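Here we start with a single chain on its own, the form deposited in one PDB entry, put down as structure tokens.
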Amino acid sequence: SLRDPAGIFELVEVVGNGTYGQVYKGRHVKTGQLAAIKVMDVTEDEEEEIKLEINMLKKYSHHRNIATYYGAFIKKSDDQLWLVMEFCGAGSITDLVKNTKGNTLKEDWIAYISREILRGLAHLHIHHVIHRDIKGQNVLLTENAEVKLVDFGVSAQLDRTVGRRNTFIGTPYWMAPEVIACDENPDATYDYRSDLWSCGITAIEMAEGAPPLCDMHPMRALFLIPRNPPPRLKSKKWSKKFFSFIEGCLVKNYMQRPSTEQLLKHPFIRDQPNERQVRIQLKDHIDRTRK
């Protein structure tokens, strides 16, 4: 039932990569409006599973902190599946830190971005959806400094032979301990609280420019996350509220880790006086980097 994108959408250039496939800057032919397009090689037997993934994307993307779902297309050739969503022109928060002097963001910026992540997560969690891949690369900015989540998990449940696009393991650095299977955790599953650990790692990334364990081989990092104590910010310059926020996100045992609603009520998230100027400071930084 998925039509060919010819005359509807066109690919302009590559903007990045997912765990599988590539993400392009795309254009709606008739209006010229931009859209981001996730292009992945798919076989004709993957079709039934993809249709189930589509309905999940459509249903839970209707929130201002989640990139909006536009539509799905199959470019016949293996064939290509095109997942069309809202374009977030200012790129990822990973790019934002990398393109800032000293590779560090102001604490009030971290507070604003983290709250927006948490609001997007709260919307997903209330609908029984775990994001499963929160990281700076999956947290995007638009031209008017709006924060949007991308690439929330839509797979599994069919017991089938997992399709090629779902056979890859991404980066481990933002993974919660409980998600990594070991001798004491044979069936390591995602809990909604696994996203909160990832949110905490993302705040360290905004603060230091890199997640903890960045100097290690990804396989070595995967082994250390379940064994290592909660990660900490290296500098002492940070406020007591920021250290307390990181502590909450990064409670080692997920069983005592706070919920998304509890973390949205944390003073570092809840008490944002300079909220108005932060959004202005971000918009001005977006334009400064663009040119």
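Start at 1 with the first residue shown and count on from there. Note that the rigid core is defined as the largest set of C-alphas that superpose within 1.5 Å between two forms.
- Per the records, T19 is among the residues left out by at least a third of the other compared entries, whereas the shown structure includes it.
- Omission of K148 is seen in none of the other entries compared for this protein where the adjacent residues are built, far below a third.
- Unmodelled residues of the deposited sequence between neighbouring positions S77 and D78 number 4 to 9.
- On average the C-alpha atoms of 33-41 have higher B-factors than those of the other stretch, with 33-41 and 253-261 being the two compared.
- In this entry, 43-51 has the higher mean Cα B-factor, the comparison being between 233-241 and 43-51.
- In the PDB entry, the Cα temperature factor peaks, among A67, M56, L224, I246, at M56.
- Per the deposited coordinates, the residue with the largest Cα temperature factor out of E143, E178, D151, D195 is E143.
- Ranked within its chain, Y173 lands in the lowest third, by CA B factor from the PDB record.
- Sort the chain's modelled residues by C-alpha temperature factor and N166 lands in the middle third, per the entry.
- Among the modelled residues of its chain, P186 has a C-alpha B-factor that falls in the highest third according to the deposited record.
- Ranked by Cα temperature factor within the chain, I130 sits in the lowest third according to the deposited record.
- Compared with the other modelled residues of the chain, the Cα B-factor recorded for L158 ranks in the highest third.
Omitted from view is the form deposited in another entry, to which the following refers.
- Put simply, after the core is superposed between the shown form and the other one, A35 is the one residue in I225, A35, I246, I66 with a Cα shift of at least 2 angstroms.
- Comparing the forms between the shown form and the other one, the C-alpha position of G16 differs by 2 angstroms or more, with the core used for superposition.
- Shown in the overlay between the shown form and the other one, fitted on the rigid core, is a CA shift at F152 of 2 Å or greater.
- The Cα shift for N166 between the shown form and the other one, taken after rigid core superposition, is 2 angstroms or larger.
- Put simply, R160 and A188 come closer in the other form: their C-alpha atoms are 3 Å or more nearer than in the form shown.
- A change of 3 Å or more separates the two forms for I66 and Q157: their C-alpha atoms lie closer together in the other form.
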